[PDB]
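S.K.: Supplied structure: protein.txt, compact mmCIF, C-alpha atoms and all ligand atoms.
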# COMPACT_ATOMS: atom_id res chain seq x y z
CA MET P 1 -25.05 -27.56 -73.86
CA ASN P 2 -22.53 -29.46 -71.64
CA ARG P 3 -23.39 -29.91 -67.91
CA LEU P 4 -20.60 -29.34 -65.30
CA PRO P 5 -19.92 -32.35 -63.03
CA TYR P 6 -20.64 -32.24 -59.28
CA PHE P 7 -19.01 -33.97 -56.28
CA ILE P 8 -21.12 -36.77 -54.64
CA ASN P 9 -18.99 -37.68 -51.55
CA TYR P 10 -20.95 -37.48 -48.22
CA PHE P 11 -17.99 -35.63 -46.65
CA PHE P 12 -18.59 -32.46 -48.75
CA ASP P 13 -21.85 -32.07 -46.78
CA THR P 14 -20.46 -33.16 -43.31
CA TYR P 15 -16.75 -33.84 -42.68
CA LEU P 16 -13.95 -36.27 -43.52
CA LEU P 17 -12.40 -37.93 -40.40
CA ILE P 18 -8.73 -38.88 -40.98
CA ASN P 19 -6.93 -40.48 -37.95
CA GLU P 20 -3.64 -38.72 -37.12
CA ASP P 21 -1.56 -42.04 -37.40
CA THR P 22 -2.48 -42.40 -41.16
CA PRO P 23 0.93 -43.05 -42.76
CA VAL P 24 2.36 -40.59 -45.35
CA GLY P 25 1.66 -41.80 -48.93
CA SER P 26 -1.48 -43.74 -47.96
CA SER P 27 -4.84 -43.22 -49.67
CA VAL P 28 -7.27 -41.33 -47.30
CA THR P 29 -10.30 -41.25 -49.69
CA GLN P 30 -11.48 -41.25 -53.32
CA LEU P 31 -13.34 -38.23 -54.65
CA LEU P 32 -16.55 -39.29 -56.45
CA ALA P 33 -18.21 -37.08 -59.04
CA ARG P 34 -21.00 -37.50 -61.63
CA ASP P 35 -21.77 -35.78 -64.88
CA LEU P 36 -24.97 -35.73 -66.99
CA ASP P 37 -22.98 -36.22 -70.35
CA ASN P 38 -21.22 -39.23 -68.65
CA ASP P 39 -17.90 -37.35 -69.56
CA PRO P 40 -14.51 -38.73 -68.33
CA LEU P 41 -13.55 -36.62 -65.20
CA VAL P 42 -10.15 -35.27 -64.04
CA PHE P 43 -9.69 -34.51 -60.24
CA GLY P 44 -7.50 -32.02 -58.32
CA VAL P 45 -6.83 -30.26 -54.98
CA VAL P 46 -6.46 -26.42 -54.72
CA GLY P 47 -5.00 -24.07 -52.01
CA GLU P 48 -1.37 -23.82 -50.69
CA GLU P 49 -2.01 -25.57 -47.34
CA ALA P 50 -4.37 -28.27 -48.75
CA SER P 51 -1.70 -29.07 -51.46
CA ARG P 52 1.18 -29.50 -48.97
CA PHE P 53 -1.18 -31.96 -47.07
CA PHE P 54 -2.97 -33.81 -49.91
CA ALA P 55 -2.27 -35.01 -53.43
CA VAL P 56 -5.01 -36.30 -55.82
CA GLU P 57 -4.57 -38.87 -58.72
CA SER P 58 -6.01 -36.99 -61.78
CA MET P 59 -7.88 -39.89 -63.51
CA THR P 60 -9.12 -41.74 -60.34
CA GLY P 61 -9.73 -39.04 -57.68
CA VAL P 62 -7.70 -41.08 -55.11
CA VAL P 63 -6.48 -38.62 -52.37
CA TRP P 64 -3.13 -39.53 -50.69
CA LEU P 65 -1.58 -37.92 -47.56
CA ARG P 66 1.64 -36.00 -48.49
CA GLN P 67 2.82 -35.45 -44.82
CA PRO P 68 2.04 -36.30 -41.19
CA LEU P 69 -1.13 -35.21 -39.43
CA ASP P 70 -0.92 -34.44 -35.68
CA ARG P 71 -4.21 -33.93 -33.84
CA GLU P 72 -2.25 -32.23 -30.98
CA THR P 73 -1.00 -29.49 -33.33
CA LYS P 74 -3.92 -29.18 -35.75
CA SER P 75 -7.21 -31.11 -35.20
CA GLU P 76 -9.27 -29.66 -38.06
CA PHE P 77 -9.02 -27.74 -41.31
CA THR P 78 -10.83 -26.93 -44.58
CA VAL P 79 -9.53 -27.94 -48.06
CA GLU P 80 -10.84 -27.52 -51.61
CA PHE P 81 -10.99 -30.29 -54.23
CA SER P 82 -11.67 -29.79 -57.95
CA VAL P 83 -13.50 -31.90 -60.56
CA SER P 84 -13.54 -31.17 -64.30
CA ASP P 85 -15.02 -32.39 -67.60
CA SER P 86 -13.49 -31.03 -70.88
CA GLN P 87 -15.15 -27.59 -70.46
CA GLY P 88 -15.03 -26.35 -66.85
CA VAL P 89 -13.82 -26.96 -63.26
CA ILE P 90 -15.99 -27.22 -60.07
CA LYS P 91 -14.58 -26.70 -56.50
CA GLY P 92 -15.98 -28.16 -53.27
CA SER P 93 -14.75 -27.50 -49.71
CA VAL P 94 -14.26 -30.34 -47.18
CA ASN P 95 -13.80 -29.93 -43.42
CA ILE P 96 -11.11 -32.33 -42.31
CA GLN P 97 -11.34 -33.63 -38.72
CA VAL P 98 -7.99 -35.17 -37.55
CA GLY P 99 -8.87 -38.21 -35.36
CA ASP P 100 -6.91 -38.70 -32.09
CA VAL P 101 -4.67 -41.77 -31.58
CA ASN P 102 -2.92 -42.47 -28.25
CA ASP P 103 0.53 -41.28 -29.45
CA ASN P 104 1.94 -39.42 -26.31
CA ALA P 105 3.41 -41.02 -23.13
CA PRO P 106 2.80 -39.01 -19.94
CA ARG P 107 5.24 -36.04 -19.34
CA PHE P 108 6.53 -35.15 -15.82
CA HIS P 109 7.41 -31.52 -14.98
CA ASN P 110 9.49 -29.71 -12.33
CA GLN P 111 12.24 -32.37 -12.03
CA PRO P 112 14.08 -33.75 -10.35
CA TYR P 113 11.73 -34.81 -7.47
CA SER P 114 13.18 -35.08 -3.95
CA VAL P 115 11.86 -34.88 -0.41
CA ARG P 116 13.46 -35.19 3.05
CA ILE P 117 11.51 -36.82 5.96
CA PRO P 118 12.38 -37.98 9.49
CA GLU P 119 12.73 -41.75 10.06
CA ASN P 120 9.91 -41.33 12.70
CA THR P 121 7.44 -40.04 10.02
CA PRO P 122 4.20 -41.71 11.00
CA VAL P 123 2.50 -44.33 8.74
CA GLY P 124 -0.16 -42.51 6.64
CA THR P 125 1.82 -39.21 6.34
CA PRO P 126 1.49 -37.75 2.81
CA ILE P 127 5.04 -36.60 1.85
CA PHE P 128 4.96 -35.68 -1.89
CA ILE P 129 2.62 -34.95 -4.83
CA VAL P 130 3.78 -35.99 -8.37
CA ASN P 131 2.00 -35.07 -11.63
CA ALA P 132 2.43 -36.21 -15.28
CA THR P 133 0.42 -34.48 -18.11
CA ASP P 134 -0.79 -36.29 -21.25
CA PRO P 135 -2.26 -34.40 -24.23
CA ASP P 136 -4.12 -37.36 -25.92
CA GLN P 137 -7.99 -37.45 -26.07
CA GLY P 138 -10.08 -39.55 -23.61
CA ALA P 139 -8.68 -42.44 -21.54
CA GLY P 140 -5.33 -42.07 -23.51
CA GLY P 141 -5.07 -38.59 -21.89
CA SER P 142 -5.82 -39.87 -18.29
CA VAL P 143 -2.87 -40.79 -15.98
CA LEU P 144 -2.68 -43.39 -13.12
CA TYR P 145 0.42 -43.34 -10.83
CA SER P 146 2.28 -46.24 -9.17
CA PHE P 147 5.84 -47.02 -7.99
CA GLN P 148 7.71 -49.38 -10.30
CA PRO P 149 8.05 -51.80 -8.80
CA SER P 150 5.78 -51.42 -5.67
CA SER P 151 7.51 -50.30 -2.45
CA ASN P 152 6.94 -51.91 1.00
CA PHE P 153 7.49 -48.40 2.54
CA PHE P 154 5.72 -45.90 0.29
CA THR P 155 2.55 -45.88 -1.86
CA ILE P 156 1.05 -43.45 -4.42
CA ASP P 157 -2.59 -42.55 -4.76
CA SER P 158 -3.10 -43.92 -8.27
CA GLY P 159 -5.44 -41.00 -9.19
CA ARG P 160 -4.10 -37.98 -7.20
CA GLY P 161 -0.31 -38.72 -7.31
CA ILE P 162 -0.09 -38.47 -3.48
CA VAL P 163 2.97 -40.27 -2.00
CA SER P 164 2.42 -41.53 1.57
CA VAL P 165 4.32 -43.71 4.08
CA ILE P 166 2.78 -47.16 4.52
CA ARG P 167 5.49 -48.74 6.84
CA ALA P 168 7.64 -47.44 9.71
CA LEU P 169 11.01 -46.15 8.38
CA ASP P 170 14.49 -46.74 9.99
CA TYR P 171 17.49 -44.42 9.30
CA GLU P 172 19.72 -47.24 10.71
CA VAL P 173 18.49 -49.66 7.97
CA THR P 174 17.91 -47.23 5.02
CA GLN P 175 19.06 -43.59 4.85
CA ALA P 176 17.79 -42.93 1.30
CA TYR P 177 15.27 -44.33 -1.23
CA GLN P 178 15.38 -43.79 -5.02
CA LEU P 179 11.93 -44.79 -6.37
CA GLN P 180 10.58 -45.02 -9.95
CA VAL P 181 7.27 -43.17 -10.30
CA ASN P 182 5.33 -44.74 -13.16
CA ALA P 183 2.70 -42.55 -14.94
CA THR P 184 0.62 -44.82 -17.35
CA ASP P 185 -2.22 -43.50 -19.52
CA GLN P 186 -5.57 -45.39 -19.48
CA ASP P 187 -5.75 -46.32 -23.24
CA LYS P 188 -7.58 -49.72 -23.41
CA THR P 189 -5.34 -51.32 -26.12
CA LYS P 190 -1.86 -49.52 -26.13
CA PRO P 191 -1.42 -47.81 -22.71
CA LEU P 192 1.81 -45.67 -22.72
CA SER P 193 3.88 -44.92 -19.59
CA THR P 194 6.78 -42.73 -18.37
CA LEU P 195 9.15 -43.14 -15.36
CA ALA P 196 10.57 -40.39 -13.10
CA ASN P 197 12.86 -40.63 -10.01
CA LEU P 198 11.75 -39.70 -6.50
CA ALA P 199 14.73 -39.19 -4.13
CA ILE P 200 13.51 -39.70 -0.49
CA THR P 201 16.20 -38.70 2.07
CA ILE P 202 15.65 -40.11 5.62
CA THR P 203 16.90 -37.92 8.55
CA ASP P 204 18.22 -39.69 11.69
CA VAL P 205 16.24 -39.24 14.98
CA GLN P 206 17.61 -40.27 18.43
CA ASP P 207 15.74 -43.34 19.91
CA CA A 301 -20.09 -32.74 -68.56
CA CA A 302 -0.17 -36.55 -32.29
CA CA A 303 -2.95 -38.01 -29.97
CA CA A 304 -1.33 -40.76 -23.96
CA CA A 305 15.70 -46.04 13.95
CA CA A 306 17.93 -43.15 14.91
NA NA A 307 -2.87 -34.64 -11.37
NA NA A 308 -4.88 -35.10 -20.30
NA NA A 309 7.10 -44.71 -23.10
Would you mind writing the file out in structure tokens?

M.R.:
Amino acid sequence: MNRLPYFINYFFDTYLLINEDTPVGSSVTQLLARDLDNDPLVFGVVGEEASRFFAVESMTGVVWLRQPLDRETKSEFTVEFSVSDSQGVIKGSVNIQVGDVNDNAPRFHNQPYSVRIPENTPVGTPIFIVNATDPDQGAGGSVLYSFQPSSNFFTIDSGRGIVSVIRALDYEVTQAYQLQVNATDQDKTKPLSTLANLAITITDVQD
């Protein structure tokens, strides 16, 4: 009698990690299968979802990505591949893990930002709290804040987003400030950053 072939890839037993920045059309893996008769094998993928995502080269088992992955929309799923000799087809399921890349700059909410303070606001007064969110995994999802460029009059707590006065103000010299708040993520190799305006109105006080 003929013996049906069997898949041998490790990832049928564990998972296949594919990073979300894998370009469309690129090869993500090659299905490996063995057969007692040493028969020539044809390879496939099966299932509606798995077929929109993956294509397999029949003769080689090379698996190519048919469309973009996005860890922030869908971080994992389960697909079925097929292997056949002449006489029958075997299926195997594979859990796909979509690997994170740092692909999102920080996002600010609740804009625009403005605050109004007296010119006699004491040095050290906290006047405003900014926040930017970032959906990436790890350090690429962690935000540090700073003015771009630095201000001689205001500072931001790089971790907490707290804006505070660091030098005496003067309505007579400057009645209004328009500052760039920089939110940068903490990705080691490609940090991404976003800017947002802070309007600081200075109110006159009699001296
Ligand atoms: Ca066989
Ligand atoms: Ca993404
Ligand atoms: Ca990401
Ligand atoms: Ca990010
Ligand atoms: Ca003054
Ligand atoms: Ca004054
Ligand atoms: Na925050
Ligand atoms: Na985050
Ligand atoms: Na950016």

S.K.: May I ask for the distance between atom CA of residue 168 of chain P and atom CA of residue 181 of chain P, given in Å to one decimal place?

M.R.: 20.5 Å

S.K.: Determine, counting all atoms listed in the file, which protein, DNA and RNA residues have an atom within 8 Å of an atom of residue 8 of chain P; residues of the same chain fewer than 2 positions away are not included. Present the result as a list in words.

M.R.: residues 6, 10, 12, 31, 32, 33 and 34 of chain P

S.K.: Write out as a list in words which residues come within 10 Å of residue 79 of chain P when counting all atoms listed in the file, dropping same-chain ones fewer than 2 positions away.

M.R.: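 In the requested form, the answer reads residues 45, 46, 47, 48, 49, 50, 51, 53, 54, 77, 81, 91, 92, 93, 94, 95 and 96 of chain P.
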
S.K.: May I ask which of the residues P:27, P:174, P:201, P:194 is the closest one to ligand CA 305 (chain A), counting all atoms listed in the file?

M.R.: P:174

S.K.: Under the rule that all atoms listed in the file are counted, which of P:13, P:207, P:85, P:187 is the nearest residue to residue 42 of chain P?

M.R.: P:85

S.K.: Of the candidates P:120, P:133, P:29, P:148, which one gets nearest to ligand CA 305 (chain A) if we count only C-alpha atoms and all ligand atoms?

M.R.: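 Of the candidates, the smallest distance to ligand CA 305 (chain A) is held by P:120.
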
S.K.: Have a look at P:116, P:74, P:160, P:107 and name the one nearest to ligand NA 307 (chain A); count all atoms listed in the file.

M.R.: P:160

S.K.: When you look at residue 106 of chain P with a cut-off of 7 Å (counting all atoms listed in the file), what residues show up, excluding the ones that are within fewer than 6 positions of it in the same chain? I need them as a ChimeraX atom specification.

M.R.: /P:132-134,183-185,193-194

S.K.: Residues within 12 Å of ligand CA 301 (chain A) (only C-alpha atoms and all ligand atoms), as number ranges by chain?

M.R.: P: 1-6, 33-42, 83-90

S.K.: Give me a file of those residues, with C-alpha atoms, as a CSV table (one decimal), in the frame of the given file.

M.R.:
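Contents of part27.csv, freshly written:
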chain,number,residue,atom,x,y,z
P,1,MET,CA,-25.0,-27.6,-73.9
P,2,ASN,CA,-22.5,-29.5,-71.6
P,3,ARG,CA,-23.4,-29.9,-67.9
P,4,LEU,CA,-20.6,-29.3,-65.3
P,5,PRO,CA,-19.9,-32.4,-63.0
P,6,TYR,CA,-20.6,-32.2,-59.3
P,33,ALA,CA,-18.2,-37.1,-59.0
P,34,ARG,CA,-21.0,-37.5,-61.6
P,35,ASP,CA,-21.8,-35.8,-64.9
P,36,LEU,CA,-25.0,-35.7,-67.0
P,37,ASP,CA,-23.0,-36.2,-70.4
P,38,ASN,CA,-21.2,-39.2,-68.6
P,39,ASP,CA,-17.9,-37.4,-69.6
P,40,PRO,CA,-14.5,-38.7,-68.3
P,41,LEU,CA,-13.6,-36.6,-65.2
P,42,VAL,CA,-10.2,-35.3,-64.0
P,83,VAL,CA,-13.5,-31.9,-60.6
P,84,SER,CA,-13.5,-31.2,-64.3
P,85,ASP,CA,-15.0,-32.4,-67.6
P,86,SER,CA,-13.5,-31.0,-70.9
P,87,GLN,CA,-15.2,-27.6,-70.5
P,88,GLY,CA,-15.0,-26.4,-66.8
P,89,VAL,CA,-13.8,-27.0,-63.3
P,90,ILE,CA,-16.0,-27.2,-60.1

S.K.: Please identify all polymer residues within 10 Å of residue 137 of chain P, counting all atoms listed in the file, omitting same-chain residues fewer than 4 positions from it, and present them as a VMD selection string.

M.R.: chain P and resid 71 to 72 99 to 103 141 to 142 187

S.K.: Would you output that residue set with C-alpha atoms, as a tab-separated table (two decimals), keeping the file's coordinate frame?

M.R.:
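Produced file part35.tsv, reproduced below:
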chain	number	residue	atom	x	y	z
P	71	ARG	CA	-4.21	-33.93	-33.84
P	72	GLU	CA	-2.25	-32.23	-30.98
P	99	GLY	CA	-8.87	-38.21	-35.36
P	100	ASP	CA	-6.91	-38.70	-32.09
P	101	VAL	CA	-4.67	-41.77	-31.58
P	102	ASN	CA	-2.92	-42.47	-28.25
P	103	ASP	CA	0.53	-41.28	-29.45
P	141	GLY	CA	-5.07	-38.59	-21.89
P	142	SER	CA	-5.82	-39.87	-18.29
P	187	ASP	CA	-5.75	-46.32	-23.24

S.K.: Of the candidates P:64, P:147, P:171, P:108, which shows the shortest atom-to-atom distance to ligand CA 305 (chain A), using all atoms listed in the file?

M.R.: P:171

S.K.: Compare P:61, P:122, P:138, P:68 by their minimum atom-to-atom distance to ligand NA 308 (chain A), counting only C-alpha atoms and all ligand atoms, and give me the closest one.

M.R.: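 Using only C-alpha atoms and all ligand atoms, the shortest distance to ligand NA 308 (chain A) belongs to P:138.
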
S.K.: To one decimal place in Å, what is the distance between atom CA of residue 146 of chain P and atom CA of residue 131 of chain P?

M.R.: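 Interatomic distance here is 11.4 Å.
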